[PDB]
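Visitor: Here it is: the structure, laid out below.
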Amino acid sequence: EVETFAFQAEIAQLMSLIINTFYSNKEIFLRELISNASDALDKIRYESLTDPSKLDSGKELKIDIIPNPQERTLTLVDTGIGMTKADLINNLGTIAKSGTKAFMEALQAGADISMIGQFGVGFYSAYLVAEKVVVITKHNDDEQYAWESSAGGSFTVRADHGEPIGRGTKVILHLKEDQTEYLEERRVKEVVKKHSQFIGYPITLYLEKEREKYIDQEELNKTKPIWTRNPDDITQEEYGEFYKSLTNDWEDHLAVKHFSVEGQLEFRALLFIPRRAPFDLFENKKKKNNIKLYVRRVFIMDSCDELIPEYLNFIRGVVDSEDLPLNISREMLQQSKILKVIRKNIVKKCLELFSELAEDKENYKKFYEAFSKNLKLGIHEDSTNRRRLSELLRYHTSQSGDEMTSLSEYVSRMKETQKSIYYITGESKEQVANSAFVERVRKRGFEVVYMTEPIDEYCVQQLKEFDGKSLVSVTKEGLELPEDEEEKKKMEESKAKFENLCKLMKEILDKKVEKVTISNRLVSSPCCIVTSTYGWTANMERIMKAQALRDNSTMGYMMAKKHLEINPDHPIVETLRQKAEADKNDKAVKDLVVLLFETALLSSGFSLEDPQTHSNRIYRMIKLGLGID
Amino acid sequence: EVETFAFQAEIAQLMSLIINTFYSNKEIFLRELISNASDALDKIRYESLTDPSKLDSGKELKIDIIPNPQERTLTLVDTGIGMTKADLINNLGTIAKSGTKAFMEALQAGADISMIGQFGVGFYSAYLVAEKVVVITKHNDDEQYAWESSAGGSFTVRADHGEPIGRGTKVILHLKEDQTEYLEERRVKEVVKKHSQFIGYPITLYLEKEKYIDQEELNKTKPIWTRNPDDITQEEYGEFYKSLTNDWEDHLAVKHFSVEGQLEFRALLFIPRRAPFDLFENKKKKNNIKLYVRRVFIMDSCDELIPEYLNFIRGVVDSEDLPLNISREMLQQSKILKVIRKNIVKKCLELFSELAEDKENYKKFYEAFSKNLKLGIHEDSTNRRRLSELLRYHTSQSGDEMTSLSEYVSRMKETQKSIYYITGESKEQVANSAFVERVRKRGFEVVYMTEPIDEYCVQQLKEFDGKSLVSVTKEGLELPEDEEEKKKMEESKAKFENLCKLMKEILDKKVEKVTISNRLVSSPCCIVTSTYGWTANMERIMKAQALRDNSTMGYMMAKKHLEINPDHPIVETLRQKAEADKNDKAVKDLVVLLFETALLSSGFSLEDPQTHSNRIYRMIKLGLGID
Amino acid sequence: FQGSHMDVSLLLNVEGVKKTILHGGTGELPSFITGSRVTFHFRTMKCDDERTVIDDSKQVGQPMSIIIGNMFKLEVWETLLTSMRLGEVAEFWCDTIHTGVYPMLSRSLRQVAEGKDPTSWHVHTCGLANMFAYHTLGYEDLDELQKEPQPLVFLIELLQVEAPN
Ligand SMILES: Nc1ncnc2c1ncn2[C@@H]1O[C@H](COP(=O)(O)OP(=O)(O)NP(=O)(O)O)[C@@H](O)[C@H]1O
Ligand SMILES: Nc1ncnc2c1ncn2[C@@H]1O[C@H](COP(=O)(O)OP(=O)(O)NP(=O)(O)O)[C@@H](O)[C@H]1O
Ligand SMILES: [Mg+2]
Ligand SMILES: [Mg+2]
């Protein structure tokens, strides 16, 4: 009726599958072998706690790498626990059987061990490069054995009688001719630096050189992983040394945030703010290499926008975790929601770190000068954390002076009757300061925030209001200052009087300015060009007309509707009104109106549709002035 | 002495690793299941070639999907070859043992059927979702057999004696509580459309809806790339393109080719008629070129199969044999990706070259993707010499239409030795610009380039056809000269050197060198960029970059040179006044105003335009006398 | 070099209709005054994931055209066409509110070139009487929409706007 069975596995095809499909890059074999070796040491160290006599065979815990180009053999020696003959047959012989996992589960309660091994297929990755693997073992209990294989579905166990090892395991890989580049010292050093840099135990690279045919020993893991240590005990010198070792930069770290989060997702993070912004900080193009992720002191992956937002890529550091669902190739994870939670915690702690750092005035000035572009990019993109990022903003204001002030200081100095934050954007502090738009506002004693970088436009694209106060761009129309009764009476009288002049100027510059009227934001300049309420600001339109990859047709979708704003109290405007009343039409008045519009367009930041015409008009005006004839 | 052994495997641990570690995304189980099924059909179809009597059990080959939320069971029925009890034990019950590979290798010579199941571990991916699997098979040779398992290291084989299934296999998955989202029609349809859209055989989805069972054909777009390109008409290509891209418009051009050898793959690329609106805002680095292996989706290209600038091409690349990850998501060797990129770029350039004959179709394609072409010229250094022939530009003698550089070289004067070009933010400004005023008088054709990307394009395009590109904006322009012209120029320099040094004294820290000019036929003066530094338009573009270091800009900023026109009356009057008055407020103010106007007209921004506007207002007042 | 290629802004003030811009358009906003003639390809599909085509102007080859006047065929179309720039392929995701009058207009647009002229209004009244009392048209679009109303998606490719008259 019902005949139960048990699953089987074709061993040869399974081995071929492991060799060919599991691992993409073949350079990871060391990362695996060392990892095993690491656990091999950990066990004996634990067994040293309850039995020091078991270390009588050897008192030194180290890993040695010996390349031998004479025989093309890569040797890896460790004075670890070693494996018995039974251990050789079971743990190494059986695929997917992890003796390390069995040792870990056999432990008692909670103890300070973090064995890397979890799967049981790491060792066979050695066949990615080698064509023959020999493992010479000497456990502290039984005799020395030799295990030889070539991934041919069978392995040989022999009673070894060569040079005694005392204790531990020595693996010899007879590399194939194709993968001979790993006998070079430089390749081995690069691989060790990339993958096995933070392993706790000392690892050295024995080599043979001449000076006269001496043996050179070099340690490749002098730097120790400090994130395991308690953050309070660590000193700033240790942080600086770690930063220099990690980034290979002479300069120290500007600030460091070291925090651990426990619970269902426990991990320790160590973040550094670089002292100097890189020259090529942008243009990474998926080459983030910012926050290297580690699991039990083994590198996994670079944060390709998974762990960190794009704008926060200037921050360096490491994240380490103990328990984490890991891929078969140990180069990625299984769940992205875990990465999202990591990102949430990292962003929260980064904002907390920035708030803490904001107290140091000079250090915060340096940090702002270094990464204000990144902060404003974050304001543009990160929507949930907009208040916190906004509080981290420093600006040059009219009343600030040379030094920069926060928006909170502006609110503190903000007037009692004022109900908005008046900002003006431009390409320079000097040009903005002398601009016509802020003449009236500064005349009335209202502080104005100068935003003198192109990315500032994006900053105001998203930041609509701050602390319950709305941001108002001086350039944009509808600027309504608090006005008295007499000011309103004067405004009404001027609007009544200059109606004919406004109509005439609208007629003259048809299809060039949507609306021509008087204004309350000009005190010395005759006229100004004002962006409409909906379209791109003048500076914004100028900026986004210069994008390298832009659609010309798309430009026409959000073009600004130009408005002309004249000053009724300017002598030029009164003379123009008088002349226009004298003559309903004349060449001189039309030329003056065109020239005034051209000058306002130039001063407002708009590029001329044809500067040659305006230049020629100026040339003719100069000729008339000096009377060359 | 020596004691050899044989490798073993821990079945429970291996199964746990396969279930938990092999596959990151749990939704791909269908992609695996369906795929197997396909082969079961393919096999029998092959066995129908030499034995039609083997189809007497069932004359129809189809795949049916039946979700049942009442019992929370997902059923997949196929009228394939089926498996015997021996086949059940040998293939399903053994991991890493694939019957598909054994069947494929037993074929005589080279047949025409390619199956996907090399690895043979795919089936177990069903346990990503199901907590129980029941496979009801009925091979023609042997009785019905039910195969029940729960990935617990054991499975049960049972005589079925249930309702007949004709011939084939029916796999029923008892979904676990968490993964109940796969009973919805939308999720199943989306998964099938994403992964197994191009399965050759018909895939039918069953459902219950008045209150009548319904069947919906999930796959309708036949894979045309397998068919011979000569047989396919244009209507079929357009229909396939519309189905692939969900676009109301049809394709503009199609390139269907195949490369065979050590790397065998066939590709089908489409140039659309109209460019996308703002795809650059989104990432859009994917969903452009989709890679298929044996007619199943593998990965979405992003800078690997195609460069960034050709991401507008929409197409498919299909290869019969490629090394694959165990996850069936990504490839193993990136060098193969490099080879694919090289071949695709070569074929795309060939496609553009052969398309260039159609004048109107070219004009449209260029209007759509000139930005992409120029970005590729900026990036792809190896293909600059071939990409440059695809450029179309507006010249002084061209008019509205655009001409290639080859036409310019053909029309180039025999004396003429270089291609003169000028960049600006508009065609009208460039046409009326001061710099090109003299050249057009001498008859030399000038190339207008009026897009921001043009500066990047000419940063790399140093020369063409052995003729160098010369920026009219840049200093050192030297047209062929007559002896009389050289004498006149030298005499004018000897006459005006005094005014030149006086202006240099007046314009301290503003202009590096003040000289007479050869390019200014009428304008009073002009500001000309130095030899090595950034040009005015390029400097403005770099100043307008959102993400660029400000402190570094001054290193690449050029040094302005003033060029004066000896024959303009204003310059002669200024020279006469300077000779009459060595120092004077009026002459210095005039020279400052002239420099400001030249800076504005050349294209440079102004450090303080408010001062210039105020000076204009003051001189207007003085003109009109309003004081 | 810059990933960002767009900036959020306001548009499409009226509720019940979602707007997306599939492709760009050359020129400024077209002159939209009463009496102007508008020529515009249109396509109407289902909002569902299938997006099956209901009405397509491309297969017919005759771009439907209207005048800027009080034809009151459908107010939302009269607004969308006005709120459009020339040469602009666009997508509009309306809702079930506006698309109540659609089925009769779809029948008229399918039968305008099928052999029925819009110059008669008594035949439509006879059809309404038949629907109310006698029988049913049985057209697929009528059954799909009148019996069950859903939001719709409209692809609009306006060709040009002429001077009035
Ligand atoms: N140097 C060594 N000393 C002692 N035992 C070792 C050594 N190297 C490997 N082993 C044994 O090899 C077994 C399996 O090797 P391995 O491939 O690392 O599986 P693992 O323990 O899961 N490590 P990993 O595959 O990276 O997860 C371990 O359980 C160890 O008992
Ligand atoms: N529905 C089926 N009908 C017939 N034979 C099947 C069916 N499913 C599986 N088999 C056989 O059982 C083997 C194991 O299945 P499977 O694990 O899916 O490998 P595969 O079908 O070859 N595809 P893959 O595992 O990705 O290599 C297959 O190779 C076939 O020989
Ligand atoms: Mg291991
Ligand atoms: Mg499979």
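Order determines the names: the first chain of the structure tokens is A, the second B, and so forth; residues in each chain are numbered 1 upward, and ligands are numbered 1 upward as they are shown.
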May I have the residues within 9 Å of ligand 2, computed using only C-alpha atoms and all ligand atoms, as a PDB file with C-alpha atoms, in the first residue's frame?
Guide:
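Saved result, out_16.pdb, follows:
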ATOM      1  CA  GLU B  32      11.330  25.946 -11.148  1.00  0.00           C
ATOM      2  CA  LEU B  33       8.227  23.752 -11.079  1.00  0.00           C
ATOM      3  CA  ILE B  34       6.755  24.910 -14.391  1.00  0.00           C
ATOM      4  CA  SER B  35      10.184  24.574 -15.966  1.00  0.00           C
ATOM      5  CA  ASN B  36      10.509  20.931 -15.091  1.00  0.00           C
ATOM      6  CA  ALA B  37       7.004  20.318 -16.302  1.00  0.00           C
ATOM      7  CA  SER B  38       7.912  21.906 -19.639  1.00  0.00           C
ATOM      8  CA  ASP B  39      10.650  19.331 -20.172  1.00  0.00           C
ATOM      9  CA  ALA B  40       8.257  16.492 -19.347  1.00  0.00           C
ATOM     10  CA  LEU B  41       6.161  17.774 -22.235  1.00  0.00           C
ATOM     11  CA  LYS B  43      10.387  14.828 -23.969  1.00  0.00           C
ATOM     12  CA  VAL B  77      -1.309  19.570 -13.888  1.00  0.00           C
ATOM     13  CA  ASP B  78       0.690  18.620 -16.973  1.00  0.00           C
ATOM     14  CA  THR B  79       0.122  15.968 -19.633  1.00  0.00           C
ATOM     15  CA  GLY B  80       3.822  15.150 -19.874  1.00  0.00           C
ATOM     16  CA  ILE B  81       5.736  11.898 -20.026  1.00  0.00           C
ATOM     17  CA  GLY B  82       5.258  11.161 -16.332  1.00  0.00           C
ATOM     18  CA  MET B  83       7.497   9.062 -14.112  1.00  0.00           C
ATOM     19  CA  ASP B  87      11.792   6.881 -12.047  1.00  0.00           C
ATOM     20  CA  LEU B  88      10.151   8.152  -8.859  1.00  0.00           C
ATOM     21  CA  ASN B  90      15.793   7.370  -8.873  1.00  0.00           C
ATOM     22  CA  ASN B  91      14.970  10.953  -9.863  1.00  0.00           C
ATOM     23  CA  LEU B  92      12.729  12.590  -7.264  1.00  0.00           C
ATOM     24  CA  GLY B  93      14.066  10.676  -4.278  1.00  0.00           C
ATOM     25  CA  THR B  94      17.737  11.385  -4.998  1.00  0.00           C
ATOM     26  CA  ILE B  95      19.112  14.901  -4.645  1.00  0.00           C
ATOM     27  CA  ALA B  96      21.497  16.152  -7.355  1.00  0.00           C
ATOM     28  CA  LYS B  97      20.399  13.234  -9.574  1.00  0.00           C
ATOM     29  CA  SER B  98      18.661  14.616 -12.661  1.00  0.00           C
ATOM     30  CA  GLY B  99      16.877  12.352 -15.103  1.00  0.00           C
ATOM     31  CA  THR B 100      16.734  15.273 -17.524  1.00  0.00           C
ATOM     32  CA  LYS B 101      20.503  15.365 -18.024  1.00  0.00           C
ATOM     33  CA  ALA B 102      20.619  11.591 -18.497  1.00  0.00           C
ATOM     34  CA  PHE B 103      17.840  11.776 -21.084  1.00  0.00           C
ATOM     35  CA  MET B 115      16.031  21.285 -21.636  1.00  0.00           C
ATOM     36  CA  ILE B 116      16.752  23.480 -18.638  1.00  0.00           C
ATOM     37  CA  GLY B 117      17.119  20.994 -15.782  1.00  0.00           C
ATOM     38  CA  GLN B 118      20.863  20.356 -15.655  1.00  0.00           C
ATOM     39  CA  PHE B 119      21.206  20.800 -11.885  1.00  0.00           C
ATOM     40  CA  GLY B 120      18.353  18.479 -10.927  1.00  0.00           C
ATOM     41  CA  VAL B 121      17.831  19.948  -7.439  1.00  0.00           C
ATOM     42  CA  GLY B 122      15.132  22.393  -8.528  1.00  0.00           C
ATOM     43  CA  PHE B 123      12.022  20.446  -7.516  1.00  0.00           C
ATOM     44  CA  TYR B 124      12.768  20.697  -3.786  1.00  0.00           C
ATOM     45  CA  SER B 125      12.278  24.475  -4.063  1.00  0.00           C
ATOM     46  CA  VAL B 135       2.872  14.171  -6.801  1.00  0.00           C
ATOM     47  CA  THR B 137       1.865  10.636 -11.683  1.00  0.00           C
ATOM     48  CA  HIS B 139       3.163   7.243 -16.977  1.00  0.00           C
ATOM     49  CA  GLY B 168       1.163  12.975 -16.997  1.00  0.00           C
ATOM     50  CA  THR B 169       1.782  14.441 -13.568  1.00  0.00           C
ATOM     51  CA  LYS B 170      -0.237  16.517 -11.102  1.00  0.00           C
ATOM     52  CA  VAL B 171       1.715  18.204  -8.300  1.00  0.00           C
ATOM     53  CA  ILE B 326      22.737  27.406  -8.245  1.00  0.00           C
ATOM     54  CA  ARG B 328      19.311  30.392 -11.181  1.00  0.00           C
TER      55      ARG B 328
END
Visitor: Report as a PyMOL selection string all protein, DNA and RNA residues lying within 6 Å of stretch 248-261 of chain A, evaluated on only C-alpha atoms, omitting residues in the same chain fewer than 4 positions from it.
Guide: chain A and resi 240+244+266-275
Visitor: Residues of chain A within 7 Å of chain B, counting only C-alpha atoms, what are they? List them as a short mmCIF file (atom, residue, chain, number, x, y, z; two decimals) with N, CA, C and O atoms, in the first residue's frame.
Guide:
data_model
loop_
_atom_site.label_atom_id
_atom_site.label_comp_id
_atom_site.auth_asym_id
_atom_site.auth_seq_id
_atom_site.Cartn_x
_atom_site.Cartn_y
_atom_site.Cartn_z
N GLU A 1 0.82 -1.20 0.00
CA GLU A 1 0.00 0.00 0.00
C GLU A 1 0.86 1.25 0.00
O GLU A 1 1.07 1.88 -1.04
N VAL A 2 1.36 1.62 1.18
CA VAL A 2 2.23 2.77 1.34
C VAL A 2 3.61 2.26 1.73
O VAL A 2 3.77 1.58 2.75
N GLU A 3 4.61 2.59 0.92
CA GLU A 3 5.98 2.11 1.10
C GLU A 3 6.88 3.31 1.32
O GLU A 3 7.24 4.02 0.37
N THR A 4 7.26 3.55 2.57
CA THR A 4 8.13 4.68 2.89
C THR A 4 9.55 4.42 2.43
O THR A 4 10.01 3.28 2.34
N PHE A 5 10.26 5.50 2.12
CA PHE A 5 11.66 5.43 1.70
C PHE A 5 12.43 6.54 2.41
O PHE A 5 11.89 7.26 3.25
N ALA A 6 13.70 6.68 2.05
CA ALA A 6 14.56 7.73 2.57
C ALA A 6 15.28 8.42 1.43
O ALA A 6 15.62 7.80 0.42
N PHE A 7 15.50 9.73 1.59
CA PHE A 7 16.14 10.51 0.54
C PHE A 7 17.57 10.05 0.31
O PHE A 7 18.25 9.58 1.23
N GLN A 8 18.03 10.20 -0.92
CA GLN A 8 19.40 9.89 -1.30
C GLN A 8 20.01 11.09 -2.00
O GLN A 8 19.34 12.09 -2.27
N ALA A 9 21.30 11.00 -2.29
CA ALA A 9 22.00 12.05 -3.02
C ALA A 9 23.12 11.43 -3.84
O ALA A 9 23.92 10.66 -3.32
N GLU A 10 23.17 11.78 -5.13
CA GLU A 10 24.26 11.34 -5.98
C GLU A 10 25.51 12.13 -5.62
O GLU A 10 25.58 13.34 -5.86
N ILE A 11 26.50 11.45 -5.06
CA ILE A 11 27.61 12.14 -4.42
C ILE A 11 28.48 12.86 -5.44
O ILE A 11 28.88 14.01 -5.24
N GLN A 13 27.76 13.98 -8.56
CA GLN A 13 27.10 15.14 -9.12
C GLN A 13 26.92 16.24 -8.09
O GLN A 13 27.01 17.42 -8.43
N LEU A 14 26.69 15.88 -6.83
CA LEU A 14 26.59 16.89 -5.79
C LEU A 14 27.91 17.61 -5.61
O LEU A 14 27.95 18.84 -5.46
N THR A 21 28.89 25.59 -9.11
CA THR A 21 27.78 26.54 -9.04
C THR A 21 27.74 27.40 -7.79
O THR A 21 27.31 28.55 -7.87
N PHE A 22 28.17 26.88 -6.64
CA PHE A 22 27.97 27.60 -5.38
C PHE A 22 28.67 28.95 -5.39
O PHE A 22 28.06 29.98 -5.06
N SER A 24 30.82 32.09 -7.04
CA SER A 24 31.10 32.81 -8.27
C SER A 24 32.58 33.13 -8.40
O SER A 24 33.25 32.68 -9.34
N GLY A 93 34.62 13.87 5.71
CA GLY A 93 34.16 12.95 4.69
C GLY A 93 32.72 13.19 4.28
O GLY A 93 32.38 13.08 3.09
N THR A 94 31.85 13.51 5.23
CA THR A 94 30.43 13.67 4.96
C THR A 94 30.15 15.11 4.56
O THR A 94 30.44 16.04 5.32
N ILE A 95 29.61 15.29 3.35
CA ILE A 95 29.25 16.63 2.89
C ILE A 95 28.06 17.14 3.69
O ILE A 95 27.20 16.37 4.15
N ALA A 96 28.02 18.46 3.89
CA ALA A 96 26.97 19.17 4.61
C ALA A 96 26.85 18.75 6.07
O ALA A 96 25.88 19.11 6.74
N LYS A 97 27.81 17.99 6.58
CA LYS A 97 27.86 17.62 7.99
C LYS A 97 28.88 18.52 8.68
O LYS A 97 30.08 18.39 8.44
N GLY A 153 35.48 11.93 -5.81
CA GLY A 153 34.51 11.09 -5.15
C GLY A 153 35.07 10.11 -4.15
O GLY A 153 34.30 9.35 -3.55
N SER A 154 36.39 10.11 -3.95
CA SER A 154 37.02 9.22 -2.98
C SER A 154 38.20 9.95 -2.35
O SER A 154 38.88 10.73 -3.01
N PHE A 155 38.44 9.67 -1.08
CA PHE A 155 39.57 10.23 -0.36
C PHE A 155 40.30 9.12 0.38
O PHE A 155 39.71 8.09 0.72
N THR A 156 41.58 9.34 0.63
CA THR A 156 42.45 8.35 1.24
C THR A 156 42.94 8.85 2.59
O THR A 156 43.37 10.00 2.71
N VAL A 157 42.86 7.98 3.60
CA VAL A 157 43.35 8.25 4.94
C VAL A 157 44.53 7.33 5.21
O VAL A 157 44.41 6.11 5.06
N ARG A 158 45.66 7.91 5.59
CA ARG A 158 46.90 7.17 5.76
C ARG A 158 47.55 7.55 7.08
O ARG A 158 47.48 8.71 7.50
N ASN A 327 23.68 33.54 3.11
CA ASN A 327 23.61 32.82 1.85
C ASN A 327 24.57 31.63 1.86
O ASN A 327 25.44 31.50 2.72
N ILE A 328 24.39 30.75 0.88
CA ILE A 328 25.29 29.60 0.74
C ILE A 328 26.70 30.06 0.38
O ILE A 328 27.69 29.48 0.83
N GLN A 334 19.37 36.47 3.11
CA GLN A 334 18.14 35.90 2.58
C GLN A 334 16.94 36.84 2.64
O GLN A 334 16.05 36.73 1.79
N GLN A 431 26.63 88.54 -4.72
CA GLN A 431 25.60 88.89 -5.68
C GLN A 431 24.22 88.92 -5.03
O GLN A 431 23.42 89.83 -5.29
N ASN A 434 23.69 92.13 -2.61
CA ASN A 434 23.42 93.39 -3.30
C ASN A 434 22.21 93.32 -4.21
O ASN A 434 21.92 94.31 -4.89
N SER A 435 21.49 92.20 -4.24
CA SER A 435 20.37 92.05 -5.15
C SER A 435 19.25 93.03 -4.80
O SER A 435 19.13 93.51 -3.66
N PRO A 454 23.84 75.65 -5.74
CA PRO A 454 22.76 75.16 -6.61
C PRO A 454 21.88 74.13 -5.93
O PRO A 454 20.65 74.17 -6.07
N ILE A 455 22.47 73.26 -5.12
CA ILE A 455 21.70 72.20 -4.49
C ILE A 455 20.71 72.77 -3.49
O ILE A 455 19.71 72.12 -3.15
N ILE A 543 19.41 76.65 -13.44
CA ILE A 543 20.18 75.48 -13.04
C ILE A 543 19.79 74.27 -13.88
O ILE A 543 20.65 73.56 -14.41
N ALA A 546 20.80 73.65 -17.54
CA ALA A 546 22.20 73.31 -17.76
C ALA A 546 22.51 71.86 -17.41
O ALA A 546 23.68 71.48 -17.37
N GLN A 547 21.49 71.05 -17.14
CA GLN A 547 21.72 69.64 -16.86
C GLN A 547 22.27 68.94 -18.10
O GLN A 547 21.85 69.21 -19.22
N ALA A 548 23.24 68.05 -17.88
CA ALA A 548 23.90 67.39 -19.00
C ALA A 548 22.92 66.54 -19.79
O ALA A 548 22.92 66.56 -21.03
N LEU A 549 22.06 65.80 -19.11
CA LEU A 549 21.08 64.92 -19.74
C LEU A 549 19.70 65.49 -19.43
O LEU A 549 19.10 65.17 -18.40
N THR A 599 17.70 94.75 -18.95
CA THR A 599 18.53 94.90 -17.77
C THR A 599 17.95 94.13 -16.59
O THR A 599 18.70 93.49 -15.83
N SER A 603 19.83 91.12 -14.64
CA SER A 603 20.10 91.21 -13.21
C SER A 603 19.37 90.11 -12.44
O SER A 603 19.87 89.66 -11.40
N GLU A 609 17.80 85.62 -24.31
CA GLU A 609 17.52 84.82 -25.49
C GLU A 609 18.45 85.19 -26.63
O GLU A 609 18.72 84.35 -27.51
N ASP A 610 18.95 86.42 -26.65
CA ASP A 610 19.94 86.86 -27.62
C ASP A 610 20.73 88.03 -27.05
O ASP A 610 20.33 89.19 -27.21
N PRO A 611 21.86 87.76 -26.39
CA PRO A 611 22.64 88.86 -25.80
C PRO A 611 23.20 89.80 -26.84
O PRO A 611 23.55 90.94 -26.50
N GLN A 612 23.33 89.37 -28.10
CA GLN A 612 23.90 90.23 -29.12
C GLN A 612 23.05 91.47 -29.35
O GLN A 612 23.59 92.57 -29.54
N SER A 615 23.64 93.83 -26.44
CA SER A 615 24.98 94.38 -26.53
C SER A 615 25.06 95.45 -27.62
O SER A 615 25.67 96.50 -27.42
N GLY A 625 26.15 108.57 -26.58
CA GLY A 625 26.64 109.31 -25.43
C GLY A 625 27.91 110.07 -25.74
O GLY A 625 27.99 111.28 -25.51
#
Visitor: Work out how far atom CA of residue B:274 is from atom CA of residue C:39, in Å to one decimal.
Guide: 19.4 Å
Visitor: Counting only C-alpha atoms, what is within 12 Å of residue A:181, bar same-chain residues fewer than 4 positions away, as a PyMOL selection string?
Guide: chain A and resi 26-27+67+69+72-74+129+175-177+185-188+190-191
Visitor: Quick one: of A:339, A:30, A:17, A:77, who's nearest to ligand 3, counting only C-alpha atoms and all ligand atoms?
Guide: A:30
Visitor: For ligand 1, list the contacting residues at 9 Å or closer, counting only C-alpha atoms and all ligand atoms, as a count of residues only.
Guide: 55
Visitor: Give me, as a list in words, the residues of chain C touching chain A, with the criterion being at most 7 Å (counting only C-alpha atoms).
Guide: residues 24, 25, 26, 27 and 28 of chain C
Visitor: If you count only C-alpha atoms, which residues fall within 12 Å of residue A:419, apart from same-chain ones fewer than 2 positions away, as an MDAnalysis selection string?
Guide: chainID A and resid 411 414:417 421:422 446 465:472 479:482
Visitor: One decimal, in Å: what's the spacing between atom CA of residue B:511 and atom CA of residue B:530?
Guide: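 Between atom CA of residue B:511 and atom CA of residue B:530 the gap works out to 10.6 Å.
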Visitor: Calculated over only C-alpha atoms, which of the candidates C:128, C:60, C:142, C:74 has the smallest distance to residue C:107?
Guide: C:142
Visitor: Please report, as a count of residues only, each residue of stretch 18-155 of chain C to which DSSP assigns strand (DSSP E or B) when run on this structure's backbone.
Guide: 31
Visitor: Residues near stretch 309-317 of chain A, anyone? I mean within 8 Å using only C-alpha atoms, not counting same-chain ones fewer than 3 positions away, as a PyMOL selection string.
Guide: chain A and resi 269-274+277+281+288+290-292+305-306+343+371+374-375+377-378
Visitor: Would you export the selected residues with C-alpha atoms as a PDB file, in the first residue's frame, please?
Guide:
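Saved file part.pdb follows:
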ATOM      1  CA  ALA A 269      27.960  49.193  14.699  1.00  0.00           C
ATOM      2  CA  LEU A 270      30.938  51.541  14.560  1.00  0.00           C
ATOM      3  CA  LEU A 271      30.591  54.629  12.369  1.00  0.00           C
ATOM      4  CA  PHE A 272      33.227  57.237  11.513  1.00  0.00           C
ATOM      5  CA  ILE A 273      32.893  60.706  10.014  1.00  0.00           C
ATOM      6  CA  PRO A 274      35.878  61.255   7.682  1.00  0.00           C
ATOM      7  CA  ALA A 277      35.723  64.687   1.987  1.00  0.00           C
ATOM      8  CA  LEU A 281      33.083  61.064  -3.412  1.00  0.00           C
ATOM      9  CA  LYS A 288      29.813  52.428  -2.525  1.00  0.00           C
ATOM     10  CA  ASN A 290      31.288  52.629   2.523  1.00  0.00           C
ATOM     11  CA  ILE A 291      29.957  50.300   5.237  1.00  0.00           C
ATOM     12  CA  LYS A 292      31.493  46.845   5.036  1.00  0.00           C
ATOM     13  CA  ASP A 305      22.355  51.212  -1.041  1.00  0.00           C
ATOM     14  CA  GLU A 306      20.916  48.270   0.925  1.00  0.00           C
ATOM     15  CA  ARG A 343      18.889  50.924   7.773  1.00  0.00           C
ATOM     16  CA  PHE A 371      29.134  67.440   3.784  1.00  0.00           C
ATOM     17  CA  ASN A 374      25.118  65.354   1.340  1.00  0.00           C
ATOM     18  CA  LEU A 375      22.921  66.775   4.102  1.00  0.00           C
ATOM     19  CA  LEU A 377      20.559  65.683  -0.634  1.00  0.00           C
ATOM     20  CA  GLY A 378      19.198  63.813   2.371  1.00  0.00           C
TER      21      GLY A 378
END
Visitor: Considering only C-alpha atoms and all ligand atoms, can you say which of B:443, B:267, B:296, B:339 comes closest to ligand 4?
Guide: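 Ranked by minimum distance to ligand 4, first place goes to B:296.
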Visitor: Compute the chain C side of the contact with chain B at 6 Å, counting only C-alpha atoms, and hand it back as a ChimeraX atom specification.
Guide: /C:4-6,22-24
Visitor: Using only C-alpha atoms, pick whichever of A:338, A:192, A:508, A:594 has the shortest atom-to-atom distance to residue A:298.
Guide: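 Closest residue, counting only C-alpha atoms: A:192.
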